[PDB]
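Undergrad:
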Amino acid sequence: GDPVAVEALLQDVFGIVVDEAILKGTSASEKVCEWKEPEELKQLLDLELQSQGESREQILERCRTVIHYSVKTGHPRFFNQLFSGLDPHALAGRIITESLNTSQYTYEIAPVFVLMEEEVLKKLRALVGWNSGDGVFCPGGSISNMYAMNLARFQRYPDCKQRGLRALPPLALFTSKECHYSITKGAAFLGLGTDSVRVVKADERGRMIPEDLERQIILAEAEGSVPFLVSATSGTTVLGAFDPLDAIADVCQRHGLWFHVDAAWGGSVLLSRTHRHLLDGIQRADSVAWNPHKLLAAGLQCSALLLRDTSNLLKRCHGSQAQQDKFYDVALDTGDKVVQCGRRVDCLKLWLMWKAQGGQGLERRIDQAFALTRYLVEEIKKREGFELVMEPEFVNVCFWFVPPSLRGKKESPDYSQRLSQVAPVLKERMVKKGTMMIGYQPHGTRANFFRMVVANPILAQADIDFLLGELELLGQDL
Amino acid sequence: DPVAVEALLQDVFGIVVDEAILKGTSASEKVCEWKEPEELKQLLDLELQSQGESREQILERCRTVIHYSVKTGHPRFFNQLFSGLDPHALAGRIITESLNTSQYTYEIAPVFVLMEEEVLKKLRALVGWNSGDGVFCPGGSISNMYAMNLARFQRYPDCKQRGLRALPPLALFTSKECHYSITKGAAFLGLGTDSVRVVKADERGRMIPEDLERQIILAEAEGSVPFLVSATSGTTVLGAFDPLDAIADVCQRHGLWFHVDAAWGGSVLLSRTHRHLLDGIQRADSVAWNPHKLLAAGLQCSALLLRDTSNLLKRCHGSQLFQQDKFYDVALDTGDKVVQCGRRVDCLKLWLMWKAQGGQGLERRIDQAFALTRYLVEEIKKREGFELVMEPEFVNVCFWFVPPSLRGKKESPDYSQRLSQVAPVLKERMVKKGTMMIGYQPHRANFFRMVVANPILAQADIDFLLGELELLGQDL
Ligand SMILES: [Cl-]
Ligand SMILES: [Cl-]
Ligand SMILES: [Cl-]
Ligand SMILES: [Cl-]
Ligand SMILES: [Cl-]
Ligand SMILES: [Cl-]
Ligand SMILES: [Co+2]
Ligand SMILES: [Co+2]
Numbered sequence: 012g013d014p015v016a017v018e019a020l021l022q023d024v025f026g027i028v029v030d031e032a033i034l035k036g037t038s039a040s041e042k043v044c045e046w047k048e049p050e051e052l053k054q055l056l057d058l059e060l061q062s063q064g065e066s067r068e069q070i071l072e073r074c075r076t077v078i079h080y081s082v083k084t085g086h087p088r089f090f091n092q093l094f095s096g097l098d099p100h101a102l103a104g105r106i107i108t109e110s111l112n113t114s115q116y117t118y119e120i121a122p123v124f125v126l127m128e129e130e131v132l133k134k135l136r137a138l139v140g141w142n143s144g145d146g147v148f149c150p151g152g153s154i155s156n157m158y159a160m161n162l163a164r165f166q167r168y169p170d171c172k173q174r175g176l177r178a179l180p181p182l183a184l185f186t187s188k189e190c191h192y193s194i195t196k197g198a199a200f201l202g203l204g205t206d207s208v209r210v211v212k213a214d215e216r217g218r219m220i221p222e223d224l225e226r227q228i229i230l231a232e233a234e235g236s237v238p239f240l241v242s243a244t245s246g247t248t249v250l251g252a253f254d255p256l257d258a259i260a261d262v263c264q265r266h267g268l269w270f271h272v273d274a275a276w277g278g279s280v281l282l283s284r285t286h287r288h289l290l291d292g293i294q295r296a297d298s299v300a301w302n303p304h305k306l307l308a309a310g311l312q313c314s315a316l317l318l319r320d321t322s323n324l325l326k327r328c329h330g331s332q333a338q339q340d341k342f343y344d345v346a347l348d349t350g351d352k353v354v355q356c357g358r359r360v361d362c363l364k365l366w367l368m369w370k371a372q373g374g375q376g377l378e379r380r381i382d383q384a385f386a387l388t389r390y391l392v393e394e395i396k397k398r399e400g401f402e403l404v405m406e407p408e409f410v411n412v413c414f415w416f417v418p419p420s421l422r423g424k425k426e427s428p429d430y431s432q433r434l435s436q437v438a439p440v441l442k443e444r445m446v447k448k449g450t451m452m453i454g455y456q457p458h459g460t461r462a463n464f465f466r467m468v469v470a471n472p473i474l475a476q477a478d479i480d481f482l483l484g485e486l487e488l489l490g491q492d493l
Numbered sequence: 013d014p015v016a017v018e019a020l021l022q023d024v025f026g027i028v029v030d031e032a033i034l035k036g037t038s039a040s041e042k043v044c045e046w047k048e049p050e051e052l053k054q055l056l057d058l059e060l061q062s063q064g065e066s067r068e069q070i071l072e073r074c075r076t077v078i079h080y081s082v083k084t085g086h087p088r089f090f091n092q093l094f095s096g097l098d099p100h101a102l103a104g105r106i107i108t109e110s111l112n113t114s115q116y117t118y119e120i121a122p123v124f125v126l127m128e129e130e131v132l133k134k135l136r137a138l139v140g141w142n143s144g145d146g147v148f149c150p151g152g153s154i155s156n157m158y159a160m161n162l163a164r165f166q167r168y169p170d171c172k173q174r175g176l177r178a179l180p181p182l183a184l185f186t187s188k189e190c191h192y193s194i195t196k197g198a199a200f201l202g203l204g205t206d207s208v209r210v211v212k213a214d215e216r217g218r219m220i221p222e223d224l225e226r227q228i229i230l231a232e233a234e235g236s237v238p239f240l241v242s243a244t245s246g247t248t249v250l251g252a253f254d255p256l257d258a259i260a261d262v263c264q265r266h267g268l269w270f271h272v273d274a275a276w277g278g279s280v281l282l283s284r285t286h287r288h289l290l291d292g293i294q295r296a297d298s299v300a301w302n303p304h305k306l307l308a309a310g311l312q313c314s315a316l317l318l319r320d321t322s323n324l325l326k327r328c329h330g331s332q336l337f338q339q340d341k342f343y344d345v346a347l348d349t350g351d352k353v354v355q356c357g358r359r360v361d362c363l364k365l366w367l368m369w370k371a372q373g374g375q376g377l378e379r380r381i382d383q384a385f386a387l388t389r390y391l392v393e394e395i396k397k398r399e400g401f402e403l404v405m406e407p408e409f410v411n412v413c414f415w416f417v418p419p420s421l422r423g424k425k426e427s428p429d430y431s432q433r434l435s436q437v438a439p440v441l442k443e444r445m446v447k448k449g450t451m452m453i454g455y456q457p458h461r462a463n464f465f466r467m468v469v470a471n472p473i474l475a476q477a478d479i480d481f482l483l484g485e486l487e488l489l490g491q492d493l
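Here it is as structure tokens:
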């Protein structure tokens with residue numbers, strides 16, 4: 012109240028959103044970003060909060076400004092991250108979620124979503140290969156990884172929950188040198204310390220070497236630490252590599268270790284009958300992290316933690332020593352499953368898109384991203400100046416743009432240094448033009464290279480031809 | 013293609029406006045649509061399938077999901093520490109979701125990096141600080157864990173690398189009335205729950221400084237290292253406010269990090285009239301404050317504020336050959352401040368509402384909630400069958416409904432056990448009828466915890482809810 016005013020405000024806001032954020036925001040005819048230096052953007056935004064409010068017209072103008080100067084992450088030429096694109100059904104679900112404004116904490120205040128989340132989690136477990144189990148959604152896959160670490164410690168040393176880490180021996184966990192940095196950040200957060208993380212060599216394709224895993228386990232034991240968890244990666248953030256899960260599982264079983272699979276990125280490939288062999292062996296995991304907000308475009312945040320456990324380990328680990340006077344089955348309440356209290360609804364946006372697309376529609380999208388990745392690799396191999404870092408296993412395509420001044424100069428002593436300066440210059444230019452955005456980074460001894468990501472559901476070959484031609488134009492003088 | 017997307021989303025928004033926003037804030041509609049779980053399971057037809065569905069089937073699912081969800085903006089929704097729908101905050105939420113980015117780098121969120129900075133700058137200003145640091149968190153429970161982690165790292169930075177076995181045993185202190193995230197957090201961080209020393213609270217639900225200082229001296233005598241005190245400004249059950257100036261005096265004498273869990277009560281800082289409740293907060297090292305509670309910003313909107321200006325936050329949470340020579344000043348990026356990687360934008364919804372209302376409009380709302388709390392107290396005291404648990408100092412009003420069968424029977428030896436059965440029955444009846452939702456809490462006999470927070474609340478709703486408890490409890 013006033014409801015007329017409320018409806019008119021929201022419809023007028025929503026009109027700006029549809030026109031400026033959704034239509035213009037996903038159009039190749041518009042810019043991916045409107046670069047402004049920080050200090051200049053602050054002036055343009057006029058951010059200082061004040062005692063006096065503003066008019067309806069001033070507010071709507073501010074809505075336009077925020078949109079105008081924001082990055083268009085649904086644009087066909089946005090390649091900067093491991094998510095890209097705007098699924099309309101997911102967005103409808105997001106909008107519904109934000110209007111209902113509840114906490115996913117008890118059946119009492121979130122009955123539709125408590126049941127919806129169970130069912131989504133059940134289907135995700137099925138695609139992993141489990142007909143039973145547990146799990147919960149988390150605010151980001153980094154938190155999912157920490158849940159797994161905490162559960163592994165609890166399962167082996169449940170006295171830790173009450174007595175803390177001084178009642179325990181030193182603990183060691185194991186992960187690939189290509190691991191997401193949430194493993195070490197989590198270890199530090201959980202009190203283990205980053206030193207508890209034993210890094211395992213990866214092979215030329217970026218995949219953990221099971222033989223170096225075993226060596227590392229034995230060495231950690233000889234040094235007086237107690238191995239308790241192995242974390243493999245099914246889809247590394249840079250190369251997009253997939254650890255060999257059946258062989259890592261073998262090492263875990265021989266040593267009695269908890270087997271966690273960080274599939275935040277690659278787990279969505281389980282919807283593709285064609286490409287899900289990349290995760291063969293994942294059904295042997297004790298836990299799996301999986302982020303549908305990446306490859307499936309569900310929207311941040313959409314991160315699930317799946318468990319094979321069927322013994323209420325999740326509630327026993329995180330539940331409060333304190338629901339015995341209610342009129343419904345309290346097993347439906349999920350507060351004891353998490354360290355949060357309030358928790359956003361993150362299942363609707365995925366569930367609604369999934370209902371609209373079908374399993375077939377999402378499989379088709381994944382298969383179309385793998386097919387477009389093949390087109391990008393072919394164009395890179397047929398064009399002068401483009402050099403692949405390694406053959407892609409996923410939708411990460413890593414490559415250099417070799418500018419004319421360096422072609423043939425590989426044997427020169429400063430070739431890797433000179434080449435490392437190319438991507439940063441191209442990034443600045445494409446960003447300041449607004450034509451596209453592509454992530455780049457160095458890697459081991461490798462000079463700065465681009466990491467292209469083929470994921471946007473509306474991507475087309477014409478966009479790959481455009482990005483390659485745009486790099487040639489932007490790097491001609493380098 | 014674009015015409016079908018616009019058509020779809022406009023169709024969906026029509027339903028959202030009709031069912032969620034207009035019906036969901038109408039006193040004539042129910043607050044919840046109770047269904048036994050198994051009936052709702054079957055009604056919803058949740059099972060995911062190979063084939064997709066038509067636009068028509070999808071729009072039906074949108075209306076169904078809204079129909080059966082609780083209307084947390086309804087005037088008679090009192091179940092939580094949040095209630096109501098601010099349309100500007102909602103407008104900000106809807107923009108955020110359509111821009112779908114990560115509050116991570118200026119490069120992919122240039123507007124929101126600068127926006128969060130200003131918002132946090134203002135929040136610190138209301139705490140009483142003209143400098144500092146901070147970040148937004150996915151819930152106040154995590155805000156509290158950050159504070160625990162920061163205090164640990166600030167005293168024992170070797171912990172980040174070597175972990176807790178390289179440290180002495182550690183002790184933190186909170187009130188008996190504190191939020192359970194303190195104890196879940198301690199376990200999560202490897203401290204163990206035994207590290208949390210519970211301090212007695214007084215008759216009004218407030219930490220007793222004398223018992224805090226005692227527990228601190230004891231922990232030392234047992235060989236532990238006291239390192240943190242966590243106070244609460246606005247407890248979840250009684251809405252008490254710990255005496256922050258006296259607690260600060262204690263932390264100061266023993267060199268302890270002083271954290272104020274103001275998730276609930278922090279918003280009172282916007283009120284010149286009522287902010288005295290948080291006197292002494294300016295002396296804290298850290299403050300948790302949830303605008304999604306009393307300011308109605310939308311879940312999640314939970315700030316962690318630090319007086320620190322030395323990048324303690326980045327040293328604590330930061331991830332540590337050829338140089339990635341980004342072309343702008345990466346000091347602007349906030350990825351190292353948090354243990355997440357991806358992070359939602361949560362500042363727009365708050366900022367847009369603040370621009371619309373001004374600090375003056377938000378202060379108006381807070382003062383109006385306090386005044387309506389006085390009204391509710393008055394009506395409880397003037398009505399037969401209602402007994403206040405204690406005098407409220409915030410917007411939480413804790414009270415029993417004594418049904419006719421127990422009026423006068425206080426001295427019976429089993430009066431309490433019979434009184435404690437009343438609220439669970441009234442709760443079941445009000446949920447299944449759908450006219451209102453009020454939480455009750457065991458803490461003596463199960464009492465109700467009313468919460469006066471919804472911005473559209475009026476006297477008529479307080480009259481209604483008292484009348485409704487009488488109706489629902491006349492046969493008890
Ligand atoms: Cl990403
Ligand atoms: Cl959340
Ligand atoms: Cl399916
Ligand atoms: Cl709450
Ligand atoms: Cl988040
Ligand atoms: Cl203000
Ligand atoms: Co080539
Ligand atoms: Co009375």
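Note that the protein sequences, when read in sequence, are chains C and A. Mind the numbering: the first sequence is residues 12 to 333, 338 to 493 in the authors' numbering, read in order. Mind the numbering: the second sequence is residues 13 to 332, 336 to 458, 461 to 493 in the authors' numbering, read in order. Built from N, CA and C at the ideal position, the CB exists for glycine as well.
(1) What are the residues in the stretch 57-71 of chain A lying within 7 Å of chain C by C-beta distance?
(2) Among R444/C, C263/C, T247/C and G36/C, whose alpha-carbon lies nearest the alpha-carbon of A274/C?
(3) Do you know whose CA, among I381/A, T321/A, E50/A and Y118/A, lies nearest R358/A's CA?
(4) Report yes or no: is there a C-beta of chain A within less than 8 Å of the C-beta of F200/C?
(5) To the nearest angstrom, report how far apart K305/A and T84/A are at their CA atoms.
(6) From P457/C to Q432/C, what distance separates their C-alpha atoms?
(7) Determine the direct distance from the alpha carbon of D223/C to that of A260/C, and round the result to whole angstroms.
(8) Quick check: what's the CA-CA separation for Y390/C versus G277/A?
(9) Of all the options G350/C, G454/C, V440/C and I27/C, which has the alpha carbon lying nearest to the alpha carbon of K196/A?
(10) Starting from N463/C, trace the beta strand (DSSP E) both ways and give me its first and last residue.
(11) Using the Cα positions of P255/C and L93/C, report the straight-line distance between them to the nearest angstrom.
(12) Indicate whether at least one CB of chain A lies closer than 8 Å to the CB of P428/C.
(13) If we cut at 8 Å on Cβ distances, does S242/A have a partner in chain C?
(14) Let me make sure I understand the geometry here. Which of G175/C, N302/C, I27/C and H191/C has the alpha-carbon closest to that of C149/C?
(15) What residues from chain A crowd round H329/C, counting only those whose CB sits closer than 9 Å?
(16) What does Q456/C pair with, by DSSP beta-bridge criteria?
(17) Taking 7 Å as the cut-off, is the CB of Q166/C close to at least one heavy atom of ligand 6?
(18) Return the Cβ separation of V412/A and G400/A in integer angstroms, given the expectation that the two are a contact with Cβ distance under 8 Å.
(19) Quick one: using the 10 Å Cβ neighbour count with 16 as the cut-off for buried, is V280/C buried or exposed?
(20) How should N91/C be labelled, buried or exposed, when 16 other C-beta atoms within 10 angstroms of its C-beta is the threshold for buried?
(21) Confirm the yes/no value for this check: CB of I395/C, any heavy atom of ligand 7, distance under 7 Å.
(22) Tell me, please, whether the stretch 151-169 of chain C touches the stretch 187-194 of chain C by the rule of three or more beta-carbon pairs shorter than 8 Å.
(23) Can you list, in chain order, the residues of its chain whose CB lies under 8 Å from that of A470/C, leaving out five sequence neighbours each side?
(24) In chain A, which residues lie less than 7 Å from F342/C when you measure between Cβ atoms?
(25) Starting from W269/A, follow the beta strand (DSSP E) in both directions and report where the run begins and ends.
(26) Can you pull the chain A neighbours of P99/C, defined as C-beta to C-beta under 8 Å?
(27) Against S40/C, what residues of chain A qualify as contacts under a CB-to-CB distance less than 8 Å, listed in chain order?
(28) Quick one: Cα of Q294/C to Cα of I33/C, how far?
(29) Are there three or more Cβ pairs, one per stretch, closer than 8 Å when the stretch 118-136 of chain A is compared with the stretch 64-84 of chain C?
(30) Going along the chain, which residues of the stretch 147-160 of chain A sit with their C-beta nearer than 8 Å to a C-beta in chain C?
(31) Buried or exposed: where does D98/C fall if 16 or more other Cβ atoms within 10 Å of its Cβ makes it buried?
TA: Once the coordinates are examined:
(1) Within the stretch 57-71 of chain A, those residues whose Cβ lies closer than 7 Å to any Cβ of chain C are, in chain order, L58, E59, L60, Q61, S62, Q63, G64, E65 and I70.
(2) Nearest option by C-alpha distance: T247/C.
(3) Ranked by Cα distance from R358/A, the options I381/A, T321/A, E50/A and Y118/A are led by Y118/A.
(4) yes
(5) 12 Å
(6) 11 Å
(7) The C-alpha of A260/C lies about 14 Å from the C-alpha of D223/C.
(8) When rounded, the distance between both Cα atoms is 57 Å.
(9) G350/C
(10) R461 to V468
(11) 22 Å
(12) At a cut-off of 8 Å between beta-carbon atoms, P428/C makes no contact with chain A.
(13) Not a single C-beta of chain C is nearer than 8 Å to the C-beta of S242/A.
(14) Closest by alpha carbon: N302/C.
(15) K196, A199 and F200
(16) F464/C
(17) no
(18) Actually they do not touch by this definition, with Cβ atoms about 15 Å apart.
(19) With 16 or more other Cβ atoms within 10 Å, it is buried.
(20) buried
(21) yes
(22) yes
(23) So the list reads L93, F94, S95, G96, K305, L306, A308, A384 and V410, once near-sequence residues are dropped.
(24) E443, listed in chain order.
(25) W269 to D273
(26) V17, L20 and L21
(27) Within 8 Å Cβ-Cβ: nothing; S40/C doesn't reach chain A, min ~11 Å.
(28) 39 Å
(29) These segments touch.
(30) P150, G151, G152, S153, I154 and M157
(31) Around the beta-carbon of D98/C, 16 or more other beta-carbon atoms lie within 10 Å, marking it buried.
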